[PDB]
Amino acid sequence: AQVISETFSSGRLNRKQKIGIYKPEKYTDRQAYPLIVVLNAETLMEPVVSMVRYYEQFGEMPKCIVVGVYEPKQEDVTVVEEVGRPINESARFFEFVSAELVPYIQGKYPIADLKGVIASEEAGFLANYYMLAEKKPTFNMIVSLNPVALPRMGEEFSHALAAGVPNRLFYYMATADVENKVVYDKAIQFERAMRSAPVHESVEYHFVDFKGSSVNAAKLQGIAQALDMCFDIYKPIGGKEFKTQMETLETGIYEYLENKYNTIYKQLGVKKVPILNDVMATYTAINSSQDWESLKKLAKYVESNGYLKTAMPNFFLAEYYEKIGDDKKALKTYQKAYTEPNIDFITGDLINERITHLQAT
C-alpha cells in the first residue's frame, strides 16, 4: 500500500499543489481502473485507500486508482452563503479538480468510465456542485461526508436529481449530530430540500443520518457504506442470491449471469473475468431447471472470457448436445474437451466416462 506524493502545477490555482496517488499492486495498462478523488486527503486518504484494498481482497471491488488532494485552503473548499455557488478561490479549486487534475490522471493512467469523488466538511458540500456540470459528468460517484451545507441551495440540487444523468449517478451523504448541532441541523435542512422532488431512475441516492454518533467515527462508517453500495454489483453471487434470483428462473438463466457482468461494465466501467463461483452457480441453476439453451450460450461465453485453455467450454457444449439428443456431436466435443486441462470437477476421468457411455451405444 504505497501512496506516492508529488506536486501538481495548477494554472487555475496558480500554485504547486501537493497530491498523492495510490496504484494497485499488480499494475498493467492492459486493463482499466476506476478513479477515486479525495479532496480532504490529509485525513481521509489513508482510510479510503485501506478500505478499497480491503474490499478488493474480498473480491467486492475492482482494483482502483486513488488520487488525494492534500490540505486545500479553507477559501478553496468553501461555498459562501451570499452567492450560493463556488466563486473566486472556491471556483478555481472546483475547476482545478475537473479541468486539470482528473484529465492529468486520465493521461497518465488507463482510467475507466467510473470516476468518484470523496470529501468532507466544506469540501464535502463543494463536491455536490459537480452535479450541476453542464457539459458531461466528471464524477459518477459523489460521497459527501459531514458537509457544511447551505439549506437554501437544496431546491436547486433537487432539480438536478430529478433530471438525472446520461448513465449513472451514485450519491451518498452522511451526517452526525454529536457536538455537531449547528452543522448537523443545516445538513438535515439541506437534505430535506434536496429530496423534495422524486429522484430520476438513473440516480442512486443514499442519505445516512448517524444519530448519537461522533462526527469523525461517522465519516469512517460513511466511506465503508458508500464503497460497499456503489460497487455492490461487482460482488460474487451468494447462496441466498442464487437460491432466490437464479434457481427460481425456469428459463433465461444464462442471461442473469450475462446481465450481471454487463451491468458491472456499465456502472463500474471495467470488464470482469467471470469467476468460477459465478459460473458454477449459473451451471447448477441451469441443471435444476433443465434449461439447456442457457447451457449452450454459457459454453461459448466462458470460452470467450478466460476459460479457453480449460476443458470447461467443450464440456458444457458436449453436455448440451446430449440434452438435445445429438450423440454424434457430443462424442466429438467430449474428445475435444479431453485435450484441455482439468478445471474444478471437470477431469479427464469424468470426460472418459461420458465418452465410454457414448461409444457403448
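Numbering starts at 1 and runs along the sequence shown.
- As recorded in the PDB entry, 284-292 is the stretch of 284-292 and 140-148 with the greater mean C-alpha temperature factor.
- Set 92-100 against 245-253 and average the Cα temperature factors; 245-253 ends up higher.
- Among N128, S214, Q225, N262, the highest C-alpha B-factor recorded in the PDB entry belongs to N262.
- Remark: of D177, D76, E191, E201, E201 shows the highest value [criterion: C-alpha B-factor in the PDB entry].
- In the PDB entry, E56 places in the lowest third of its chain by CA B-factor.
- Sorting the modelled residues of the chain by their CA temperature factor places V80 in the middle third.
- In the deposited entry, the Cα temperature factor of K16 places it in the highest third of its chain's modelled residues.
- Looking at the C-alpha B-factors along this chain, the one for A119 belongs to the lowest third.
- In this PDB entry, the Cα temperature factor of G306 sits in the top third of its chain's modelled residues, the highest group.
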